[PDB]
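The next block is coords_32.cif, given as mmCIF, N, CA and C atoms.
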```
data_query
#
loop_
_atom_site.label_atom_id
_atom_site.label_comp_id
_atom_site.auth_asym_id
_atom_site.auth_seq_id
_atom_site.Cartn_x
_atom_site.Cartn_y
_atom_site.Cartn_z
N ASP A 1 -57.20 -83.24 -182.03
CA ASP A 1 -55.88 -83.54 -181.50
C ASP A 1 -55.80 -85.04 -181.19
N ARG A 2 -54.60 -85.46 -180.79
CA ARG A 2 -54.38 -86.86 -180.46
C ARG A 2 -54.85 -87.14 -179.03
N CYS A 3 -55.17 -88.41 -178.79
CA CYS A 3 -55.64 -88.83 -177.48
C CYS A 3 -54.63 -88.34 -176.44
N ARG A 4 -55.10 -88.28 -175.20
CA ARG A 4 -54.26 -87.83 -174.10
C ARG A 4 -53.97 -88.98 -173.14
N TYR A 5 -52.82 -89.61 -173.34
CA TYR A 5 -52.42 -90.73 -172.51
C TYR A 5 -52.59 -90.39 -171.03
N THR A 6 -53.57 -91.04 -170.41
CA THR A 6 -53.85 -90.83 -169.00
C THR A 6 -53.51 -92.08 -168.19
N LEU A 7 -53.42 -91.89 -166.88
CA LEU A 7 -53.10 -92.99 -165.99
C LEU A 7 -54.39 -93.49 -165.33
N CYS A 8 -54.82 -94.67 -165.76
CA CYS A 8 -56.03 -95.27 -165.22
C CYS A 8 -55.70 -96.69 -164.76
N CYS A 9 -56.61 -97.26 -163.99
CA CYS A 9 -56.43 -98.61 -163.48
C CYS A 9 -57.32 -99.55 -164.29
N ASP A 10 -56.85 -100.78 -164.42
CA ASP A 10 -57.59 -101.79 -165.17
C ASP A 10 -58.56 -102.51 -164.23
N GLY A 11 -58.38 -102.26 -162.94
CA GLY A 11 -59.23 -102.88 -161.94
C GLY A 11 -58.68 -104.24 -161.52
N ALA A 12 -57.97 -104.87 -162.44
CA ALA A 12 -57.39 -106.18 -162.18
C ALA A 12 -56.12 -106.34 -163.02
N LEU A 13 -55.05 -105.73 -162.53
CA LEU A 13 -53.77 -105.80 -163.22
C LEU A 13 -52.77 -104.87 -162.52
N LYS A 14 -52.83 -103.60 -162.89
CA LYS A 14 -51.94 -102.61 -162.31
C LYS A 14 -52.14 -101.27 -163.03
N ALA A 15 -52.27 -100.23 -162.23
CA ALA A 15 -52.47 -98.89 -162.77
C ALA A 15 -51.41 -98.62 -163.84
N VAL A 16 -51.88 -98.24 -165.01
CA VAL A 16 -50.99 -97.94 -166.12
C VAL A 16 -51.55 -96.78 -166.93
N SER A 17 -50.88 -96.48 -168.03
CA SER A 17 -51.30 -95.39 -168.90
C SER A 17 -52.09 -95.95 -170.08
N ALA A 18 -53.23 -95.32 -170.34
CA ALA A 18 -54.09 -95.74 -171.44
C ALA A 18 -54.31 -94.56 -172.39
N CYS A 19 -54.68 -94.89 -173.61
CA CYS A 19 -54.93 -93.87 -174.62
C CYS A 19 -56.43 -93.58 -174.65
N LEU A 20 -56.84 -92.68 -173.76
CA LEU A 20 -58.24 -92.30 -173.67
C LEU A 20 -58.38 -90.81 -173.97
N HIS A 21 -59.58 -90.43 -174.39
CA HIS A 21 -59.85 -89.04 -174.71
C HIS A 21 -60.49 -88.35 -173.50
N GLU A 22 -60.64 -87.04 -173.62
CA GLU A 22 -61.23 -86.26 -172.55
C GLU A 22 -62.71 -86.59 -172.40
N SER A 23 -63.32 -86.95 -173.52
CA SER A 23 -64.73 -87.30 -173.53
C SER A 23 -64.92 -88.72 -173.01
N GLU A 24 -63.82 -89.32 -172.60
CA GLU A 24 -63.85 -90.68 -172.07
C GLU A 24 -63.23 -90.72 -170.68
N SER A 25 -63.72 -91.66 -169.88
CA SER A 25 -63.23 -91.82 -168.52
C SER A 25 -62.79 -93.26 -168.28
N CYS A 26 -62.14 -93.48 -167.15
CA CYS A 26 -61.67 -94.80 -166.80
C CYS A 26 -61.59 -94.89 -165.27
N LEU A 27 -61.36 -96.11 -164.79
CA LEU A 27 -61.26 -96.34 -163.36
C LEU A 27 -60.00 -95.65 -162.83
N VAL A 28 -60.20 -94.43 -162.36
CA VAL A 28 -59.09 -93.65 -161.82
C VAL A 28 -58.66 -94.25 -160.48
N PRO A 29 -57.33 -94.21 -160.24
CA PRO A 29 -56.77 -94.75 -159.00
C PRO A 29 -57.05 -93.81 -157.83
N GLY A 30 -56.45 -94.14 -156.69
CA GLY A 30 -56.62 -93.34 -155.49
C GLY A 30 -55.36 -93.38 -154.62
N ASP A 31 -55.06 -92.25 -154.01
CA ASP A 31 -53.90 -92.15 -153.15
C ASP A 31 -54.34 -92.19 -151.69
N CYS A 32 -54.01 -93.29 -151.03
CA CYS A 32 -54.37 -93.47 -149.64
C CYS A 32 -53.24 -92.90 -148.77
N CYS A 33 -53.63 -92.00 -147.88
CA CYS A 33 -52.67 -91.37 -146.99
C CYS A 33 -52.70 -92.10 -145.64
N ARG A 34 -51.52 -92.43 -145.15
CA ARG A 34 -51.40 -93.13 -143.88
C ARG A 34 -50.43 -92.39 -142.96
N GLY A 35 -50.99 -91.49 -142.17
CA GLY A 35 -50.19 -90.71 -141.23
C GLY A 35 -49.27 -89.74 -141.98
N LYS A 36 -48.14 -90.28 -142.43
CA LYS A 36 -47.17 -89.49 -143.16
C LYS A 36 -46.61 -90.31 -144.32
N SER A 37 -47.40 -91.29 -144.74
CA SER A 37 -47.00 -92.15 -145.84
C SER A 37 -48.13 -92.25 -146.86
N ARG A 38 -47.84 -91.79 -148.07
CA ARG A 38 -48.83 -91.83 -149.14
C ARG A 38 -48.64 -93.08 -149.99
N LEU A 39 -49.75 -93.57 -150.52
CA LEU A 39 -49.72 -94.76 -151.36
C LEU A 39 -50.81 -94.65 -152.43
N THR A 40 -50.50 -95.18 -153.60
CA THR A 40 -51.44 -95.15 -154.71
C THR A 40 -51.79 -96.57 -155.15
N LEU A 41 -53.06 -96.90 -155.03
CA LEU A 41 -53.54 -98.22 -155.40
C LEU A 41 -54.91 -98.09 -156.07
N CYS A 42 -55.40 -99.22 -156.56
CA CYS A 42 -56.70 -99.25 -157.22
C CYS A 42 -57.69 -99.97 -156.31
N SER A 43 -58.70 -99.23 -155.88
CA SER A 43 -59.72 -99.79 -155.01
C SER A 43 -60.98 -98.92 -155.05
N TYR A 44 -62.10 -99.58 -155.30
CA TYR A 44 -63.37 -98.88 -155.37
C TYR A 44 -64.05 -98.83 -154.00
N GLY A 45 -65.07 -98.00 -153.91
CA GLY A 45 -65.81 -97.85 -152.66
C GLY A 45 -67.31 -98.06 -152.89
N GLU A 46 -67.84 -99.07 -152.21
CA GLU A 46 -69.25 -99.39 -152.32
C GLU A 46 -70.08 -98.10 -152.40
N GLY A 47 -70.89 -98.02 -153.45
CA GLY A 47 -71.73 -96.86 -153.65
C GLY A 47 -72.25 -96.80 -155.09
N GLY A 48 -71.32 -96.65 -156.01
CA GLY A 48 -71.67 -96.58 -157.42
C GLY A 48 -70.42 -96.41 -158.29
N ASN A 49 -69.80 -95.24 -158.16
CA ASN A 49 -68.60 -94.95 -158.92
C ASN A 49 -67.70 -94.03 -158.10
N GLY A 50 -67.11 -94.61 -157.06
CA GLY A 50 -66.22 -93.86 -156.19
C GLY A 50 -65.11 -94.75 -155.65
N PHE A 51 -63.99 -94.12 -155.32
CA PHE A 51 -62.85 -94.84 -154.79
C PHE A 51 -62.78 -94.71 -153.26
N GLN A 52 -62.26 -95.76 -152.64
CA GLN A 52 -62.14 -95.78 -151.19
C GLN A 52 -60.71 -96.16 -150.78
N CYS A 53 -60.48 -96.16 -149.48
CA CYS A 53 -59.17 -96.50 -148.95
C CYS A 53 -59.32 -97.73 -148.05
N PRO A 54 -58.20 -98.47 -147.88
CA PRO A 54 -58.19 -99.66 -147.05
C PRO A 54 -58.21 -99.29 -145.57
N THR A 55 -58.47 -100.29 -144.74
CA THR A 55 -58.51 -100.09 -143.30
C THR A 55 -57.14 -99.66 -142.78
N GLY A 56 -57.14 -98.58 -142.02
CA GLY A 56 -55.90 -98.06 -141.46
C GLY A 56 -55.33 -96.94 -142.33
N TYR A 57 -55.99 -96.72 -143.46
CA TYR A 57 -55.56 -95.68 -144.38
C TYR A 57 -56.62 -94.58 -144.51
N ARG A 58 -56.26 -93.54 -145.25
CA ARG A 58 -57.17 -92.43 -145.45
C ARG A 58 -57.00 -91.86 -146.86
N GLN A 59 -57.76 -90.81 -147.14
CA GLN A 59 -57.70 -90.17 -148.44
C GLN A 59 -56.63 -89.08 -148.45
N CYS A 60 -55.83 -89.09 -149.51
CA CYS A 60 -54.76 -88.11 -149.65
C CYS A 60 -55.38 -86.80 -150.15
#
```
So, in terms of structure tokens, how does the structure I just supplied come out?
Amino acid sequence: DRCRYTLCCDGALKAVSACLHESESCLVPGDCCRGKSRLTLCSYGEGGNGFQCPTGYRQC
């Protein structure tokens, strides 16, 4: 079948849609929850291959 346009982050640009396959992965974004306000940005979390949230925010 044809690639499955997924939404990944470039790490330095802006989360967009890329033509990647299921056997392929990319820097997936993260939705930071703040009380009652959700937000989606690109940010990694010190460790290896995980996403984190900014100070004052949380994981959605």
Closest of A:48, A:58, A:22, A:16 to residue A:34 - atom-to-atom distances counting only N, CA and C atoms: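 Going through A:48, A:58, A:22, A:16 one by one, the smallest distance to residue A:34 is for A:58.
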Residue with smallest distance to residue A:10 - pool A:32, A:23, A:52, A:42, counting only N, CA and C atoms: A:42
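Between atom N of residue A:35 and atom CA of residue A:50 there is a distance of 20.8 Å.
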With only N, CA and C atoms as the counted atoms, please give the residues lying no more than 8 Å from residue A:28, apart from itself and same-chain residues fewer than 5 positions off, as JSON, numbers by chain. {"A": [7, 8, 9, 10, 41, 42, 43, 51]}
Two-atom distance - atom CA of residue A:19, atom CA of residue A:5 (Å): 4.5 Å
Would you return as a VMD selection string the members of chain A that DSSP assigns to strand (DSSP E) on this structure's backbone? chain A and resid 4 to 8 16 to 20 30 to 34 37 to 41 58 to 59
What is the distance, in Å and to one decimal place, between atom C of residue A:24 and atom C of residue A:53?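 Answer for the atom C of residue A:24 to atom C of residue A:53 separation: 24.0 Å.
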I need the residue nearest residue A:54 from this list: A:33, A:3, A:15, A:38. Use only N, CA and C atoms for the distance.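 Checking each of A:33, A:3, A:15, A:38 against residue A:54, counting only N, CA and C atoms, the winner is A:33.
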Counting only N, CA and C atoms, which residue out of A:59, A:40, A:17, A:49 sits closest to residue A:4?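 Answer, going by the shortest atom-to-atom distance: A:17.
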Which neighbours of residue A:25 fall inside 10 Å, counting only C-alpha atoms, when residues of the same chain fewer than 4 positions from it are skipped, and could you give them as a ChimeraX atom specification? /A:6,8,20-21
Just need the box for stretch 26-43 of chain A, edges along x, y and z, holding every atom the file lists for it with 3 Å tacked onto each side, so centre and edge lengths in Å to one decimal, as lines of an AutoDock Vina configuration file.
```
center_x = -54.4
center_y = -94.7
center_z = -154.2
size_x = 21.5
size_y = 16.5
size_z = 31.9
```
